[PDB]
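Read the structure below first, then the notes.
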Amino acid sequence: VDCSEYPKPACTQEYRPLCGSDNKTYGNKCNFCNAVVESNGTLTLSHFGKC
Amino acid sequence: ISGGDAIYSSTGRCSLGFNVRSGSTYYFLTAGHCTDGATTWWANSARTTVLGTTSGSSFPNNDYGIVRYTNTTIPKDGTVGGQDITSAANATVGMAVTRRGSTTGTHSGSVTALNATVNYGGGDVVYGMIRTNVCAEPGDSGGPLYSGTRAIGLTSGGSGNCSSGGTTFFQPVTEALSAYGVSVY
């Protein structure tokens, strides 16, 4: 996962989960990448799948 | 299985929009971004209960898809959770609507705008969408937006979340019924 083209004002809402470095399960890449941006680049990918 | 319930494809999970039919043929509607590149659909995470196979998919530009039921036993309720749906209608600004999805359950709000363009990126733009102040979260894609016993839209996407509040865009359901020649029941 590359979050270079983020932020994005909207995300489709399918569920394909990813696990963030904050232990939060992100529902999809779009939602995860927008969180990366919001964190000003501090949140990272821990692994694919739910946390 | 009914409107709002979880649906699983090879790739992930979406929500069933509405049960529809044509003649004696049963299908369900969901988002086109869910049908894109999905062939088979199941009712559970274990993929053991087959539902059917994708028959059509329109995304980007629009955001609707249709899956034809191949499972014969499964009850195919013409409802949204237990809410009966008897007809389809056009959304209007100020209309009170309700969304149901496999992750967040049921949430209400109102139609705040029509004909919105939403750009999901990479050339994935959709046009003609219904804007609302209803929230949605991953997994909720494709579930129904209804008002009373009226079918109104299919969940496509948006921002925010249910805790903080958000904005959700839906595909007008009339456009899919008419494209596929099916009707709600």
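Each chain in the structure tokens gets a letter, A, B and so on, in the order shown; residues start at 1 in every chain, and ligands are counted from 1 in the order they appear.
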
>> as a count of residues only, could you give me every residue of chain B near chain A (at most 6 Å apart, counting only C-alpha atoms)?
In response: 13

> If you run DSSP on the backbone, which residues of chain A are strand (DSSP E), as a PyMOL selection string?
Replying inline: chain A and resi 11-12+18-20+25-26+45-48

Emit the selected residues as a PDB file, in the first residue's frame, including N, CA and C atoms.
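Result saved to again.pdb:
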```pdb
ATOM      1  N   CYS A  11     -14.284   7.842   0.118  1.00  0.00           N
ATOM      2  CA  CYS A  11     -13.850   6.456  -0.088  1.00  0.00           C
ATOM      3  C   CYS A  11     -15.053   5.537  -0.383  1.00  0.00           C
ATOM      4  N   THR A  12     -14.884   4.553  -1.274  1.00  0.00           N
ATOM      5  CA  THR A  12     -15.946   3.541  -1.410  1.00  0.00           C
ATOM      6  C   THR A  12     -15.932   2.750  -0.128  1.00  0.00           C
ATOM      7  N   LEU A  18      -7.152  -3.913   6.976  1.00  0.00           N
ATOM      8  CA  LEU A  18      -5.701  -3.719   7.164  1.00  0.00           C
ATOM      9  C   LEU A  18      -5.467  -3.396   8.634  1.00  0.00           C
ATOM     10  N   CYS A  19      -4.301  -3.715   9.177  1.00  0.00           N
ATOM     11  CA  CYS A  19      -4.017  -3.435  10.579  1.00  0.00           C
ATOM     12  C   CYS A  19      -2.987  -2.325  10.701  1.00  0.00           C
ATOM     13  N   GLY A  20      -3.391  -1.166  11.323  1.00  0.00           N
ATOM     14  CA  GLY A  20      -2.539   0.004  11.535  1.00  0.00           C
ATOM     15  C   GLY A  20      -1.579  -0.161  12.732  1.00  0.00           C
ATOM     16  N   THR A  25      -8.004  -1.714  13.422  1.00  0.00           N
ATOM     17  CA  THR A  25      -8.342  -2.287  12.149  1.00  0.00           C
ATOM     18  C   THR A  25      -8.944  -1.229  11.234  1.00  0.00           C
ATOM     19  N   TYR A  26      -8.296  -0.940  10.044  1.00  0.00           N
ATOM     20  CA  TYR A  26      -8.834   0.011   9.041  1.00  0.00           C
ATOM     21  C   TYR A  26      -9.614  -0.793   7.998  1.00  0.00           C
ATOM     22  N   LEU A  45       1.590   0.871   8.306  1.00  0.00           N
ATOM     23  CA  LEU A  45       0.930  -0.452   8.180  1.00  0.00           C
ATOM     24  C   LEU A  45       1.620  -1.500   8.996  1.00  0.00           C
ATOM     25  N   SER A  46       0.896  -2.179   9.868  1.00  0.00           N
ATOM     26  CA  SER A  46       1.459  -3.239  10.679  1.00  0.00           C
ATOM     27  C   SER A  46       1.372  -4.520   9.887  1.00  0.00           C
ATOM     28  N   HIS A  47       0.168  -4.866   9.447  1.00  0.00           N
ATOM     29  CA  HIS A  47       0.085  -6.007   8.569  1.00  0.00           C
ATOM     30  C   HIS A  47      -1.260  -6.009   7.854  1.00  0.00           C
ATOM     31  N   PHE A  48      -1.472  -6.889   6.791  1.00  0.00           N
ATOM     32  CA  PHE A  48      -2.749  -6.910   6.156  1.00  0.00           C
ATOM     33  C   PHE A  48      -3.707  -7.746   6.996  1.00  0.00           C
TER      34      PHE A  48
END
```

> By how many Å are CA of residue 4 (chain A) and CA of residue 122 (chain B) apart?
Replying inline: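 Value for the CA of residue 4 (chain A)-CA of residue 122 (chain B) distance: 11.8 Å.
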
> Between B:76, B:131, B:99, B:33, which is the closest to residue 184 (chain B) once you count only C-alpha atoms?
Replying inline: B:76

> Between B:25, B:48, B:86, B:164, which one has atoms that come closest to residue 67 (chain B), using only C-alpha atoms?
Replying inline: B:25

> Which residue out of B:153, B:143, B:81, B:23 has the minimum interatomic distance to residue 128 (chain B) when only C-alpha atoms are used?
Replying inline: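 Using only C-alpha atoms, residue 128 (chain B) sits closest to B:153.
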
> In Å to one decimal, how far is CA of residue 30 (chain B) from CA of residue 88 (chain B)?
Replying inline: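 Calculated distance between CA of residue 88 (chain B) and CA of residue 30 (chain B) is 15.1 Å.
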
Pick out each residue of chain A that DSSP on the backbone tags as helix (DSSP H, G or I); I need them as a JSON list (two decimals) with N, CA, C and O atoms, in the first residue's frame.
```json
[["chain", "number", "residue", "atom", "x", "y", "z"],
["A", 29, "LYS", "N", -8.17, 0.21, 2.22],
["A", 29, "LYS", "CA", -7.00, 1.04, 1.97],
["A", 29, "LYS", "C", -7.30, 2.51, 1.92],
["A", 29, "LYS", "O", -6.43, 3.33, 2.23],
["A", 30, "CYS", "N", -8.45, 2.90, 1.36],
["A", 30, "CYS", "CA", -8.76, 4.35, 1.26],
["A", 30, "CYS", "C", -8.95, 5.01, 2.67],
["A", 30, "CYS", "O", -8.42, 6.08, 3.03],
["A", 31, "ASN", "N", -9.65, 4.17, 3.46],
["A", 31, "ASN", "CA", -9.82, 4.70, 4.82],
["A", 31, "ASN", "C", -8.47, 4.73, 5.55],
["A", 31, "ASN", "O", -8.10, 5.69, 6.25],
["A", 32, "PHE", "N", -7.68, 3.69, 5.43],
["A", 32, "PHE", "CA", -6.36, 3.67, 6.06],
["A", 32, "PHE", "C", -5.44, 4.81, 5.55],
["A", 32, "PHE", "O", -4.81, 5.56, 6.32],
["A", 33, "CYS", "N", -5.36, 4.98, 4.23],
["A", 33, "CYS", "CA", -4.52, 6.04, 3.73],
["A", 33, "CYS", "C", -4.98, 7.43, 4.19],
["A", 33, "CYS", "O", -4.17, 8.34, 4.38],
["A", 34, "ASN", "N", -6.29, 7.69, 4.31],
["A", 34, "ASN", "CA", -6.71, 9.01, 4.75],
["A", 34, "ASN", "C", -6.31, 9.23, 6.23],
["A", 34, "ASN", "O", -6.08, 10.38, 6.64],
["A", 35, "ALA", "N", -6.22, 8.15, 6.99],
["A", 35, "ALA", "CA", -5.82, 8.26, 8.38],
["A", 35, "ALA", "C", -4.31, 8.55, 8.45],
["A", 35, "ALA", "O", -3.86, 9.26, 9.30],
["A", 36, "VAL", "N", -3.53, 7.94, 7.56],
["A", 36, "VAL", "CA", -2.12, 8.21, 7.47],
["A", 36, "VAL", "C", -1.91, 9.71, 7.33],
["A", 36, "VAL", "O", -1.23, 10.34, 8.12],
["A", 37, "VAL", "N", -2.59, 10.30, 6.34],
["A", 37, "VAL", "CA", -2.56, 11.72, 6.08],
["A", 37, "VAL", "C", -2.97, 12.54, 7.26],
["A", 37, "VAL", "O", -2.29, 13.46, 7.67],
["A", 38, "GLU", "N", -4.06, 12.14, 7.88],
["A", 38, "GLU", "CA", -4.51, 12.89, 9.03],
["A", 38, "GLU", "C", -3.51, 12.86, 10.17],
["A", 38, "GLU", "O", -3.50, 13.72, 11.04]]
```
